[PDB]
Amino acid sequence: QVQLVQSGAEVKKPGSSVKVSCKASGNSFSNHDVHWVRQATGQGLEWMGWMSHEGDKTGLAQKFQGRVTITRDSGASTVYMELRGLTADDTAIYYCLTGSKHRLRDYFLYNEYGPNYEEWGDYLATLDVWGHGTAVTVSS
Amino acid sequence: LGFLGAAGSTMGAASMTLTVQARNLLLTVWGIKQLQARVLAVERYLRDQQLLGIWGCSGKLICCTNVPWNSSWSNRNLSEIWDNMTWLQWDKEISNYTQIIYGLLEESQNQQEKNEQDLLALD
Amino acid sequence: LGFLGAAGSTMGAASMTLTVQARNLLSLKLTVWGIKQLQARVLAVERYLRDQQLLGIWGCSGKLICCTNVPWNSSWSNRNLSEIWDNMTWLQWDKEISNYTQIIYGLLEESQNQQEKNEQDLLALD
Amino acid sequence: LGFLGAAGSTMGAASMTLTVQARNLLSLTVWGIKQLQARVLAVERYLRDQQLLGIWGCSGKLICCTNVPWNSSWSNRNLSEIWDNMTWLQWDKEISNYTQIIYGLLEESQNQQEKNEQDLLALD
Amino acid sequence: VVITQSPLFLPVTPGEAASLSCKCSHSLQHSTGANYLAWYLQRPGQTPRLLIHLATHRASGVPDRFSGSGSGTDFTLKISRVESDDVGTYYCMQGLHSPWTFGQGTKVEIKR
Amino acid sequence: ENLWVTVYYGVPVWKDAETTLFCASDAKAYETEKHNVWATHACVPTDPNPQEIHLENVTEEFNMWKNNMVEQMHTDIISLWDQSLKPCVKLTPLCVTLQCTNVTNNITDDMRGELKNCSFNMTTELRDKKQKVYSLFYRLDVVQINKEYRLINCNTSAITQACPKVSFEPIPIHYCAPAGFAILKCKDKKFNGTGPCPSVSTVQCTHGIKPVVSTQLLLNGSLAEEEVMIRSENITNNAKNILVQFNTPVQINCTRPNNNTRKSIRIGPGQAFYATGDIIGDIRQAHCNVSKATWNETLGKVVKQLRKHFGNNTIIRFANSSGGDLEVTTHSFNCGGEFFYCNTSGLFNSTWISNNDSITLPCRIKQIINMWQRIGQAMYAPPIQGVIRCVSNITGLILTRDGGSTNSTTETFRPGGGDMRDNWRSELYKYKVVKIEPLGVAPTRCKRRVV
Amino acid sequence: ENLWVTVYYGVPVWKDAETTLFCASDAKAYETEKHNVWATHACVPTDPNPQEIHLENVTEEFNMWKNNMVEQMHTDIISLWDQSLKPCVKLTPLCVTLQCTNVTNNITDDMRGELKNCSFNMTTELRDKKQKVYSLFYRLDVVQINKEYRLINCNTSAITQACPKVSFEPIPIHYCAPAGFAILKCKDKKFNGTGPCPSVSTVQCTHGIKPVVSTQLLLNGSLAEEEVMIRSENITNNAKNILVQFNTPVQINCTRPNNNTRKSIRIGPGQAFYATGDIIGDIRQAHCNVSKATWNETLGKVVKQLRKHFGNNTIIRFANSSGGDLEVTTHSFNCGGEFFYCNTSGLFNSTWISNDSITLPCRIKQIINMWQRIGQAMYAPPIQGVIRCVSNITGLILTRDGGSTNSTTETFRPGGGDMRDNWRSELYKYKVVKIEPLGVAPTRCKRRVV
Amino acid sequence: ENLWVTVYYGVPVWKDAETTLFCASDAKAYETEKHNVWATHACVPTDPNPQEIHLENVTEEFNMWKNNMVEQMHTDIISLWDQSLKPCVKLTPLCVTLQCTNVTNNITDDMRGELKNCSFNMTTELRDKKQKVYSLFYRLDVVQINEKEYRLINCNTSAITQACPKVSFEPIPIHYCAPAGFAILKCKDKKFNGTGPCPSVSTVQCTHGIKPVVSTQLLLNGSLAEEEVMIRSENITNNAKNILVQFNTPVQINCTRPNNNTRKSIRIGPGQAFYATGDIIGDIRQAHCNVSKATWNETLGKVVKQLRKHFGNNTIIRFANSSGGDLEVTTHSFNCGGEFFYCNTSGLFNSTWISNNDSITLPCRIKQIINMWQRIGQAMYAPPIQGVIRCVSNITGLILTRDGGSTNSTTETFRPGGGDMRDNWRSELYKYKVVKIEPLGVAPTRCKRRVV
Ligand SMILES: *[C@@H]1O[C@H](CO)[C@@H](O[C@@H]2O[C@H](CO)[C@@H](O)[C@H](O)[C@H]2NC(C)=O)[C@H](O)[C@H]1NC(C)=O
Ligand SMILES: *[C@@H]1O[C@H](CO)[C@@H](O)[C@H](O)[C@H]1NC(C)=O
Ligand SMILES: *[C@@H]1O[C@H](CO)[C@@H](O)[C@H](O)[C@H]1NC(C)=O
Ligand SMILES: *[C@@H]1O[C@H](CO)[C@@H](O)[C@H](O)[C@H]1NC(C)=O
């Protein structure tokens, strides 16, 4: 079981940004997909974003465009997430979890005298073991 | 006076148009074919002129040789040979004795008379 | 002497270099240089052969110098024969008679060689 | 009776097979291209020899008398010795080193002059 | 593509079987015939655990009292002989189309 | 006293022989503009004064289906066509899978299902970028993959096409005698394919012959001098094509009433490809007009000629085509730079017994072509913009005679014989290549003068 | 008594005609190395005695700009160039977009941005694998698609690059007329391009001419015998090119001061491609040097010869190029197997009235379009090390600005971007005519009656 | 005695010269069946009875290995191979990564690992579809991608194409014929040294047929030695020169590829048919060859007898297998039935010779991709051939090398080597020399020309 470390609970003022940190032992980010999920008490889970294990692709839920950026250290031993513009309704439990995906050619074209034109896509297989999570809340 | 007009006359009368007959003897697919055709024409003319030179009547449209031809090939009087048959059909008649005629006309007369012309020029 | 030595010599003086002029009348593989050289050899062969054919038809073959017996109507020239020999080059000669040439070819062929083979046939009749 | 048969005969006996030897002097695949090249080569050399024969005036002759003398510095054998006991082959080895001189002498000293003299004789 | 879950809550008598259902706007089968569905149960104060996956088999270590059914746009999760330790909130997972979302959820509690 | 032989040189010989025909063109009149496949932009020009020479008192033998200039020129044409196609760019990437739909609206009710609109996944000239392009396709050119469609020839040899500026219009050609060789022609107005000809003539160099390609009807052919000639290798044998040659022309009009446009497409770096853009105006089926009365009188003359080899009471029936490959089912021609396939069954639905003014035929367009009977090559017809219109002379027919016909009655015929060798025979039947052997021998009174 | 026409044979005859010229090279000296682009595998060796004889009493009509041997030259050289280009590798794979950077390595401040570090995900030997490879490129060979660069010549004919073993150094080529044809040359050192030549000679084969490729001034050419000469078939027509031929050479150096490093990568099986490797040391501009005082003294001599065709006291001025395609805009030439371009504007900044070295910056291009053709394109292989070039200037090609009034204040400009006039500069002395040994004349003989 | 020279033409002259050979075949006998590489589409037919002509009183020299027909004909076959392989398709797509398995079904235990069943991800003729395709391959033609993944052995070399299978590789006799104005000198001496004059000479217009046999250690289907087994080299003292040996009497060798191959057809693209070997029927057996033993002793003993003439004839003479290196010279190769074989002749050279049951079997290898000739700029894939291959051939000569460092004129040793095809072609063409006829000539005489 790869140990996962998350940032502690934090209270932040309305209309201001918040950042969290995340860790995994063994530098397993190179082999597992980085993921983020938010959930409030009594409400269903909400996907925030992902990095591929290669660190070559990033993505976000359409609700969080322009408010979330995802960074990692050299060697991808840790991953970081920054949130911007939190209000009182952004209070929830924020989670780390590794992931695994399927990489398949979505379209292709053989080339006799050149490289095969290829369109590749990532298809997440399942959500791996979750981290203990982080709690962030907004109050005056 | 047209080209190949003598075939319409007897073979005896055909000898008038000999000069007329001798006059016209001389990177795309068409270009390659043109090259091949020109080479073939040159080869054919030069092979014929090789015959003429070897037998010493070269440069002559008319030549009388010393070899006697041998009557079994065509037992006919010269006059009706000349005034009845065209050269086309008489050649058709004389068609398989051609190589024998070539060999005799080569060896029996030309090379020999040449040896005796050197012998005469010795004195 | 070298080639084309008689170019400025008079017509009579040009007759000394005829042999000199005649000495050079005839003198991947798919590369274009080789293609061109093959073409050139073929062309030279063809032209030399045509010249020899014409000479053989006129019956003075094997001769740099011959003399036919054919007459000509003198409107083609404007001067004395010794003048022709002396006071111009062949080049002015040719420019002067450049335009009766085909007539001359035809007359040299027919008016003499056909008739002469006729008399030699008459002779061979005996 | 065969081709080249004079190779073991003397210069004197060689003259019988001149005709036998002169019989065959003329007679997008790469093979076909080479065929074309060989045909052209044979044609041009045959015309080479005939041009030499014609410029010298033995046209239609394999053997032909001349008006050209020679310096004897070129050969030092009696005529019977060279003709009746020497192969034309070894003779060619012997005579190989003056051939250009004989060609020039033959081509100009006698032929051009004799053509001019034929003209002079014709004039009258 | 959307996901809904029913019932919102299900009181259960102990020892009696119960079922939960979730439906989606598009069929969950794949052109290869594969189905990408996973049901999860979270105990309050604990993270969710996989119960069934791909709508065909139970996850390893899941009690055999669990079962599933459904195809196309309709799927169900049925549990036999309900015992008190299954109380929590349940969710079914959709894995065919990006973005992948959870259903609104159903909660099972002991009737009282 | 006894005669001796003498050497005669230059005497005219006729020897049956074959050599390669020398290309020729009419003074290179086309050389002012580019470009022509059948002219290669140039051949050796010829003088306008070749002089046919009559051969009085001369007869000579001809043998059609045995003369060889025909197949010589056949391989000449195959070589020239391949040479013209070679510099052009291949169209191999085109048969990536196509999503297609039927053309709708602004259509003639008789067009339904003829044209299809398809799109591509096909890439850009940059190997790392893709694009979506579309073009209008005929139904006959494409086939379903199992709606989705694929180009029909990507389970045979590949398809290549470029060089659209090069014209396919035919040019007069002279197959002009090599030196030492001659061309002779029969002067008889009516002459069998074989046998001696009572009056013959020779030319130094041939007449203008067109390289046109036609399947069921002879086009731009020379007129028969007096009457509609019927020729074949053997009339009794049904495996031999029956040649029909008109002595009077029969005009035929054809057109593509559709106003067409073209879209240039870049597939690779510097390789332009052309596709058929959306047609302007209503769609109308291509069709051909011929005159009704002229066709009837011409076929009456044809059946009168047919009666010569048969019993005079035999019923002459003409029939709908036999089927098979489309190139022998329908009449085909290329005029205007584009290929056609027309229903000639209407022209041959009639019978003949002893003792308004025009006709129109539905016709077909195919832009994917397998020329001759080759399998290893294929090409694409470039779109041509606007309405094309061609007028041409129908000058002959290529027919086959059905088997059976027991008890010598009710003879029937159907079009066939898709071999263009027969067309080129139909034009070249006048000529034969012969060999001149100038040397010869003969007896005489000459005995050689001593010394 | 009356005269009769005789027939002669062997009489020397000349007809203004054209045939394909022989190939001839000096003793096949190129055969020792494999091989020159023009000399190739084989050509006919030269005669050891290329004998020529002055023709007594002959003046001959010569016509520069009308001889067709120069067109044969143009066609044959294009044919040879494509012949050498043909058995080489296409580089259609290179059209893939390249991620590029503005790299410097102790660069001089006047080249910042002239070189780009471009990488692309490329091709492997195996179809199913890809790899990332970088190489250094000149900015003028690439273009922004809308940084990412694409090489400039992908929206035109395809690009091919291979076969570095062939040599681009000119070799003198001699030409011999076909047998039955002859070569005529003018012995007048002051001869015009056209008109009668008072003193003439004929030769079996022409002298050697190197297939020099230049666009603004002549190189490696023959020197004028006595004085600088200016030629143009019609000086009044300003759209026509003006020939300038020096009688004294003008030495010119050109170099690329840095070493070059090379790397090679495989497009696929048998697909060797050479790429410019990373370049070490201070990075400096290719440039050419010419002496100042000589550049006057030759230009002043040119002006003195120039005044012959115009009225006295006419003002003469030179200026920098009016623009256009870069080939005519800047002077281009190949040395060390590599193509160059230089801003020759500095050496025309002068004026002329009645009565120690110059340094020129230069530019490098690798994707090159031969002559004016657009249907072919190639990549120049990198040349290792510092290229050093010593060369002679033997002439210039000029154009005359039109207009003006009162026949004064003439201004000239480089031009004539056709190399046709480059080979004309050497070929102008020569013509080939047709010899028909046959002749006729009257005489006093009659053929003997037999 | 004031003699004058006189012109003779047609006189017999030889001049050492080289020109292009003239292709020839007896009446184009290859036309009976299509299609053959070495006979090509067409060649000039020749008379079945060339007129050989004995030159009596004649001696002349044949400097062997100086003759240029060999190099000219070497270039000819290189060109012919290239032109036969130009039209047919390329095979760059094959060496995508291969998933291979470990053939153990119906296999003889002496051969485990010779054949691999590999699968890969090449596409169809459709530009946007792929297909899973499998085929068996000999281990000699493949390598592991890493230290398993497999790749074709020659992709990091030059390009690879398929020999399109319609045209056979069988040799046909090729006749070399003199251009006009040439003749082909031929020796008659029955023991004629590779260099030096030949006591009796004959010439022909046109030569007999020679099979373009491709072999590496043994001379095959060659002309037999006329009287005795005989040995030639440029200089026997220089061991860098190959040692040519010609057998007096032939030794028959049987070779078969004993297994049923099956073949399958795969579409690569439009108009691109590909062939690969399907599953083999029956137990798999190594291909091999058969040769007699006492006859092998007999030929080798005769070789020793003739070798003793160039040495002190009490010396020890020993053979051993090749010193190694590239298999093209380490192993013997032949192409019978249109397929490539490499056979371990090491057993043929396990013997010693001193002063004063009936058969031998040899294992053979199989490869499909070939680096033909000594070129490295091309690689070609031979078709799989269905059924059991069978060849019967004549062994007519040897090519050997002699080890250096020998001292005191004892213990002379030899190994097979010199695999350059030029040596076989010398061994076949050693009887001929192209020569020039110069018919013109001059000579003195008593003739003086007539006065003009
Ligand atoms: C488009 O036109 C084609 C024919 O041009 C129609 O093809 C029909 O397809 C159905 C279903 O596969 C078949 O049952 C018919 O037999 C086909 N018709 C013919 C003539 O073959 C197709 O239905 C048309 N599509 C639309 C949307 O109109
Ligand atoms: C030719 O005749 C004219 C007129 O009689 C004469 O004046 C002239 O001198 C002659 N020509 C020569 C060269 O003597
Ligand atoms: C295949 O067989 C060879 C020996 O025949 C052996 O070295 C190799 O390990 C085998 N591979 C497998 C996967 O068993
Ligand atoms: C090999 O050769 C000799 C004679 O050639 C023979 O006697 C000897 O026994 C042979 N060796 C074997 C193993 O038979």
# chains A, B, ... in the order shown; residues from 1 in each chain; ligands from 1

call {"tool": "residues_around", "arguments": {"residues": "segment 427-434 of chain F", "least_positions_apart": "2", "cutoff": "6 Å", "atoms": "only C-alpha atoms", "output": "ChimeraX atom specification"}}
result
/F:14-17,182-185,424-425

call {"tool": "write_last_selection", "arguments": {"atoms": "C-alpha atoms", "output": "PDB file, in the first residue's frame"}}
result
ATOM      1  CA  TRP F  14       8.790  -7.122-102.325  1.00  0.00           C
ATOM      2  CA  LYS F  15       9.517  -9.283 -99.282  1.00  0.00           C
ATOM      3  CA  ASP F  16       7.047  -9.848 -96.474  1.00  0.00           C
ATOM      4  CA  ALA F  17       8.739  -8.480 -93.365  1.00  0.00           C
ATOM      5  CA  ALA F 182       7.948   0.887 -98.072  1.00  0.00           C
ATOM      6  CA  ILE F 183       4.208   1.109 -97.494  1.00  0.00           C
ATOM      7  CA  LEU F 184       1.784  -0.185-100.126  1.00  0.00           C
ATOM      8  CA  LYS F 185      -1.989   0.120-100.306  1.00  0.00           C
ATOM      9  CA  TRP F 424      -7.024  -0.253 -85.312  1.00  0.00           C
ATOM     10  CA  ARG F 425      -7.235  -3.029 -87.895  1.00  0.00           C
TER      11      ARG F 425
END

call {"tool": "interface_residues", "arguments": {"of": "chain F", "to": "chain B", "cutoff": "7 Å", "atoms": "only C-alpha atoms", "output": "list in words"}}
result
residues 4, 5, 6, 7, 8, 9, 10, 11, 12, 13, 14, 20, 22, 23, 53, 55, 56, 57, 58, 79, 80, 178, 179, 180, 443, 446, 447 and 448 of chain F

call {"tool": "interface_residues", "arguments": {"of": "chain F", "to": "chain H", "cutoff": "6 Å", "atoms": "only C-alpha atoms", "output": "number ranges by chain"}}
result
F: 96, 154-158

call {"tool": "write_last_selection", "arguments": {"atoms": "C-alpha atoms", "output": "mmCIF file, in the first residue's frame"}}
result
data_model
loop_
_atom_site.group_PDB
_atom_site.id
_atom_site.type_symbol
_atom_site.label_atom_id
_atom_site.label_comp_id
_atom_site.auth_asym_id
_atom_site.auth_seq_id
_atom_site.Cartn_x
_atom_site.Cartn_y
_atom_site.Cartn_z
ATOM 1 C CA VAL F 96 -9.350 5.675 -46.317
ATOM 2 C CA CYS F 154 -8.229 -0.767 -53.279
ATOM 3 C CA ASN F 155 -8.466 -4.532 -53.461
ATOM 4 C CA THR F 156 -6.801 -4.412 -56.883
ATOM 5 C CA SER F 157 -3.822 -2.374 -58.085
ATOM 6 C CA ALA F 158 -3.508 1.193 -56.827
#

call {"tool": "residues_around", "arguments": {"residues": "residue 15 of chain A", "least_positions_apart": "2", "cutoff": "7 Å", "atoms": "only C-alpha atoms", "output": "compact mmCIF listing (two decimals) with N, CA and C atoms, in the first residue's frame"}}
result
# COMPACT_ATOMS: atom_id res chain seq x y z
N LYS A 13 -10.18 33.05 4.07
CA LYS A 13 -11.13 34.14 3.95
C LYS A 13 -11.88 34.08 2.62
N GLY A 85 -10.31 31.95 -5.79
CA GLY A 85 -11.65 32.48 -5.66
C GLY A 85 -12.62 31.65 -4.84
N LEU A 86 -12.18 31.09 -3.71
CA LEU A 86 -13.09 30.33 -2.87
C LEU A 86 -14.04 31.25 -2.12
N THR A 87 -15.28 30.79 -1.96
CA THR A 87 -16.28 31.45 -1.15
C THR A 87 -16.79 30.47 -0.10

call {"tool": "residues_around", "arguments": {"residues": "segment 96-111 of chain D", "least_positions_apart": "5", "cutoff": "7 Å", "atoms": "only C-alpha atoms", "output": "list in words"}}
result
residues 56, 67 and 68 of chain D

call {"tool": "residues_near_ligand", "arguments": {"ligand": "ligand 4", "cutoff": "12 Å", "atoms": "only C-alpha atoms and all ligand atoms", "output": "PyMOL selection string"}}
result
chain H and resi 292-305+347-354+356-360

call {"tool": "residues_near_ligand", "arguments": {"ligand": "ligand 3", "cutoff": "6 Å", "atoms": "only C-alpha atoms and all ligand atoms", "output": "list in words"}}
result
residues 101, 102, 112 and 113 of chain H

call {"tool": "write_last_selection", "arguments": {"atoms": "N, CA and C atoms", "output": "compact mmCIF listing (two decimals), in the first residue's frame"}}
result
# COMPACT_ATOMS: atom_id res chain seq x y z
N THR H 101 6.73 -16.82 -29.88
CA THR H 101 6.62 -17.97 -28.99
C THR H 101 7.62 -19.03 -29.42
N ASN H 102 7.50 -20.22 -28.82
CA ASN H 102 8.67 -21.06 -28.63
C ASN H 102 8.34 -22.44 -29.20
N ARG H 112 15.52 -27.45 -31.58
CA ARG H 112 14.74 -26.55 -30.74
C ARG H 112 15.28 -25.13 -30.81
N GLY H 113 14.39 -24.18 -31.12
CA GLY H 113 14.76 -22.78 -31.22
C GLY H 113 15.10 -22.28 -32.61

call {"tool": "residues_near_ligand", "arguments": {"ligand": "ligand 1", "cutoff": "7 Å", "atoms": "only C-alpha atoms and all ligand atoms", "output": "ChimeraX atom specification"}}
result
/F:101-102,112-114

call {"tool": "residues_near_ligand", "arguments": {"ligand": "ligand 2", "cutoff": "10 Å", "atoms": "only C-alpha atoms and all ligand atoms", "output": "short mmCIF file (atom, residue, chain, number, x, y, z; two decimals) with N, CA, C and O atoms, in the first residue's frame"}}
result
data_model
loop_
_atom_site.label_atom_id
_atom_site.label_comp_id
_atom_site.auth_asym_id
_atom_site.auth_seq_id
_atom_site.Cartn_x
_atom_site.Cartn_y
_atom_site.Cartn_z
N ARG C 79 31.23 35.35 -113.72
CA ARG C 79 32.64 35.67 -113.87
C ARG C 79 33.47 34.53 -114.47
O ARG C 79 33.03 33.38 -114.57
N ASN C 80 34.68 34.92 -114.86
CA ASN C 80 35.69 34.06 -115.47
C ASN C 80 36.15 32.98 -114.49
O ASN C 80 36.23 33.20 -113.28
N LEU C 81 36.46 31.79 -115.03
CA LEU C 81 36.75 30.64 -114.16
C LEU C 81 38.02 30.86 -113.35
O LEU C 81 38.09 30.50 -112.17
N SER C 82 39.04 31.45 -113.98
CA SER C 82 40.26 31.79 -113.24
C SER C 82 39.96 32.79 -112.13
O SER C 82 40.54 32.70 -111.04
N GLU C 83 39.05 33.73 -112.38
CA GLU C 83 38.60 34.61 -111.32
C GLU C 83 37.97 33.82 -110.18
O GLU C 83 38.33 34.01 -109.01
N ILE C 84 37.05 32.90 -110.51
CA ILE C 84 36.50 32.01 -109.49
C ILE C 84 37.62 31.39 -108.67
O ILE C 84 37.57 31.38 -107.43
N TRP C 85 38.66 30.91 -109.35
CA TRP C 85 39.76 30.26 -108.66
C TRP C 85 40.48 31.22 -107.72
O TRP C 85 40.90 30.82 -106.62
N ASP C 86 40.64 32.48 -108.12
CA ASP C 86 41.61 33.35 -107.48
C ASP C 86 41.03 34.40 -106.52
O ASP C 86 41.58 34.57 -105.43
N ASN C 87 39.95 35.10 -106.88
CA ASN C 87 39.63 36.33 -106.15
C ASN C 87 38.49 36.18 -105.16
O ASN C 87 37.95 37.20 -104.70
#

call {"tool": "select_by_dssp", "arguments": {"residues": "segment 33-118 of chain D", "states": "strand (DSSP E or B)", "output": "VMD selection string"}}
result
chain D and resid 63 to 65 87

call {"tool": "interface_residues", "arguments": {"of": "chain B", "to": "chain D", "cutoff": "7 Å", "atoms": "only C-alpha atoms", "output": "ChimeraX atom specification"}}
result
/B:53-54,56

call {"tool": "residues_around", "arguments": {"residues": "residue 130 of chain G", "least_positions_apart": "6", "cutoff": "12 Å", "atoms": "only C-alpha atoms", "output": "VMD selection string"}}
result
(chain A and resid 114 to 118) or (chain G and resid 120 to 124 266 to 268) or (chain H and resid 96)

call {"tool": "write_last_selection", "arguments": {"atoms": "C-alpha atoms", "output": "PDB file, in the first residue's frame"}}
result
ATOM      1  CA  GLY A 114       6.757   8.709 -42.858  1.00  0.00           C
ATOM      2  CA  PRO A 115       5.463   8.225 -39.324  1.00  0.00           C
ATOM      3  CA  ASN A 116       1.971   6.868 -38.882  1.00  0.00           C
ATOM      4  CA  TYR A 117      -0.379   9.727 -38.143  1.00  0.00           C
ATOM      5  CA  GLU A 118      -1.859   8.834 -34.775  1.00  0.00           C
TER       6      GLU A 118
ATOM      7  CA  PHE G 120      10.661  17.109 -33.691  1.00  0.00           C
ATOM      8  CA  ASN G 121       9.311  13.697 -32.743  1.00  0.00           C
ATOM      9  CA  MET G 122      10.775  12.410 -35.979  1.00  0.00           C
ATOM     10  CA  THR G 123      10.877   8.826 -37.352  1.00  0.00           C
ATOM     11  CA  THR G 124      12.617   5.700 -36.100  1.00  0.00           C
ATOM     12  CA  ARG G 266      17.915   7.325 -39.837  1.00  0.00           C
ATOM     13  CA  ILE G 267      14.546   8.111 -41.363  1.00  0.00           C
ATOM     14  CA  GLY G 268      14.254   4.378 -41.983  1.00  0.00           C
TER      15      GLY G 268
ATOM     16  CA  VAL H  96       7.257  -3.500 -36.105  1.00  0.00           C
TER      17      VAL H  96
END

call {"tool": "atom_distance", "arguments": {"atom1": "atom CA of residue 7 of chain E", "atom2": "atom CA of residue 62 of chain A"}}
result
28.6 Å

call {"tool": "interface_residues", "arguments": {"of": "chain F", "to": "chain G", "cutoff": "9 Å", "atoms": "only C-alpha atoms", "output": "PyMOL selection string"}}
result
chain F and resi 125-129+268-271

call {"tool": "write_last_selection", "arguments": {"atoms": "C-alpha atoms", "output": "tab-separated table (two decimals), in the first residue's frame"}}
result
chain	number	residue	atom	x	y	z
F	125	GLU	CA	0.19	18.03	-46.17
F	126	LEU	CA	1.76	18.19	-42.71
F	127	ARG	CA	2.24	14.65	-41.45
F	128	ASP	CA	1.16	15.69	-37.93
F	129	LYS	CA	-2.14	17.42	-38.79
F	268	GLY	CA	1.16	15.92	-49.55
F	269	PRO	CA	3.82	18.61	-49.80
F	270	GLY	CA	3.46	19.91	-53.34
F	271	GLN	CA	1.07	17.23	-54.69
